[PDB]
Structure formats: structure tokens, C-alpha cells
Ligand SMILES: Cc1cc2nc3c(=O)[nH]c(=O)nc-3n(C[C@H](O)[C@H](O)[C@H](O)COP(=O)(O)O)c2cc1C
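Encoded as C-alpha cells, the following chain is the form deposited without flavin mononucleotide (FMN), with no partner shown.
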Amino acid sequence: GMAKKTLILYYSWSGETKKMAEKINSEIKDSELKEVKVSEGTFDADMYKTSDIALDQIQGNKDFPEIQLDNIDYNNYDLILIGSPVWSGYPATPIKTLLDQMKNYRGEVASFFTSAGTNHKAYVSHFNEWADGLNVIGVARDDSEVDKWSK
């Protein structure tokens, strides 16, 4: 009866997800604070040009973005938080490629995002379809549900 841990695995876009990470890691127990990144030139910062790319990873037109990480045994984490950016409608499929590695583990796995308040229902459907697998205890944005997810 000692088998519980808490990890955070996030993707910092360009200066949003960051404030949110270092917040939450200090409102939880003695957890850890980890970062993902993707391939370079997977996207741009546009409205139109980028939505084509993120749709190229949905319809089945293209493959999915690689990650630049090292391999971790997630099996010893009872809780895993995830932080992700929000493009104009849907994410950049960041968590997609990681989930394909971690699909067989258990724990509680909340996957929140940073946004300009927007597409707050689209992101949830898009996460669901691209994450039917691990046990999610909730899907919200920013820190405004942290206090339930790490109890």
C-alpha cells in the first residue's frame, strides 16, 4: 500500500501553456514537470494555413507529428496531467503520437489546454476521438479544475 505518483506532460506553444504549468506544479503535491516537443516546421502560426495541416492529421490524408522525447515508464504514475495549445478550432494533434506509446497503462489522466477562451466544445470532441483509450478524470481549460484532479 504505497504505489501512487503524479506526473505532468505538457506542450508549450509559444508563451501560454508555460504560465499554466508552473502554476499547477506548485498547487499539487511533490509531482514532476515534464515537456514534449514536435517535429520542426510541422506548422506555422496562421489562421487558414495551419488549419489545413491539423486537418491533414484528422481526415486520414496524412500521418501524425513525431515527438522529441525520451522513453518513460508511465505505469508507475497514478496521475498524469497533460497541458496542450488550441489552434483555430482543434489542437495540432500533439497528444496523438504520445498516446500511441502510452495506450496500455492505467491511472487518472486529465488533459487540459490553454486557449483564447475559444472552441471550448470542439476541442473536447476532438480530444475524445483522438484519445479513446486511457482513463480521463476530466477535460477542462486552464487551472480552473486543478484542485479536483490531483487529490
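So that there is no doubt, residue numbering starts at 1 and follows the sequence shown.
One more form of this protein exists, namely the form solved in complex with flavin mononucleotide (FMN); it is left out here, but the text below deals with it.
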| said: Here blocked means 3 or more ligand atoms within 2.4 Å of a backbone or C-beta atom once flavin mononucleotide (FMN) is superposed in from its placement in the bound PDB entry. Does this form come out open or blocked? | reply: blocked
| said: When the contact criterion is heavy atoms within 4.5 Å, does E16 count as touching flavin mononucleotide (FMN) in the bound PDB entry? | reply: yes
| Counting only non-hydrogen atoms and a 4.5 angstroms cut-off, does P65 reach flavin mononucleotide (FMN) in the bound PDB entry? | no
| query | Though only this chain appears here, would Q57 touch flavin mononucleotide (FMN) in the bound PDB entry if you measure heavy atom gaps against 4.5 Å? | reply | no
| Is there a heavy atom of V86 lying 4.5 Å or less from a heavy atom of flavin mononucleotide (FMN) in the bound PDB entry? | yes
| note | Answer among 57-65, 25-33, 101-109, 115-123 for heavy atoms within 4.5 Å of flavin mononucleotide (FMN) in the bound PDB entry: the stretch 115-123
| Candidate site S12, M47 and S51: all three near flavin mononucleotide (FMN) in the bound PDB entry by heavy atom within 4.5 Å | yes
